[PDB]
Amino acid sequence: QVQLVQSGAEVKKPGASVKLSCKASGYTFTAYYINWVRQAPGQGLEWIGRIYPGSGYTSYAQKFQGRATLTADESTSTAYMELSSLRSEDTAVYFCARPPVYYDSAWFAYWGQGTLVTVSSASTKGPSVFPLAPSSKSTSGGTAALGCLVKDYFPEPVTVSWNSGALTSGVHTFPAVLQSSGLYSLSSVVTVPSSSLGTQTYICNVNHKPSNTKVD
């Protein structure tokens, strides 16, 4: 399969640099333009620049001719996007895409699992995991609700799953909300049958990359 895997979903201090990698596979990496598009939370798409691996030829926009250095390795098949000086307005989710058939065309298919980049001065804190035990009040006729709770962590995001990605049927993961302290918080519940309450065990999987925390 033709895939693009990005890595570096972390938070950086304002003014510092950040190098985002973009792994490639399933095709000749040097044969197609690897361009970068960013999108702020709840905003539109913005095109940074493109680069042709094998030659190293780059094409930037006037907004990023001072920053955003692009590279490429034939041996490791990686794009390695890198900004020099970060701003508060440079907080976005960075994607790496490539054209479908032609190498220089400006329509993008085969995108990658983008990595979010937060630019703020506050410290990186780990999330707290609290369970939501279903009582007699939460026992419906044939169904029952239960979930985990993530509270007070400064940088997004968090990968929340159930049974290592086995229990996905009837699951709603809520988006995080910014509290008074400036620390996000969200929830994630699962609609399980009441007849199968005491039959199966339910564990929430909370994965936080910016602080490297895995609590189950």
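Quick note: we count residues from 1 along the sequence shown, nothing fancier.
query: Out of 44-52 and 187-195, which one has CA B-factors that are higher on average in the deposited record?
result: For C-alpha atoms only, the mean B-factor is higher in 187-195.
- prompt: Taking the recorded C-alpha temperature factors, which stretch has the higher mean, 3-11 or 206-214?
  reply: Result: 206-214.
- prompt: Per the PDB entry, which option out of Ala31, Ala166, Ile34, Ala61 has the greatest Cα B factor?
  reply: By C-alpha B-factor in the record, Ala166 ranks first.
- request: Return the residue from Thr115, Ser77, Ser140, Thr71 that has the highest Cα B-factor in the entry.
  value: Reading the PDB entry, the winner on C-alpha B-factor is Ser140.
field: Cα B factor band for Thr201 (lowest, middle or highest third within the chain)
entry: Its C-alpha B-factor, which the entry lists for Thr201, ranks in the highest third among residues of this chain.
- prompt: Within this chain, which third does the Cα B-factor at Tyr153 fall in: lowest, middle or highest?
  reply: Its C-alpha B-factor belongs to the highest third of this chain's values.
query: Lowest, middle or highest third: where is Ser88 by Cα B-factor in its chain?
result: Answer is middle: the recorded C-alpha B-factor places it there.
task: Select lowest, middle or highest to describe the third in which the CA B-factor of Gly147 falls within its chain in this entry.
output: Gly147: CA B-factor falls in the highest third of its chain.
message: Taking only the Cα B-factors deposited for this chain, tell me whether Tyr27 sits in the lowest, middle or highest third.
response: For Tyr27, whose C-alpha B-factor we compare with every modelled residue in the chain, the answer is the lowest third.
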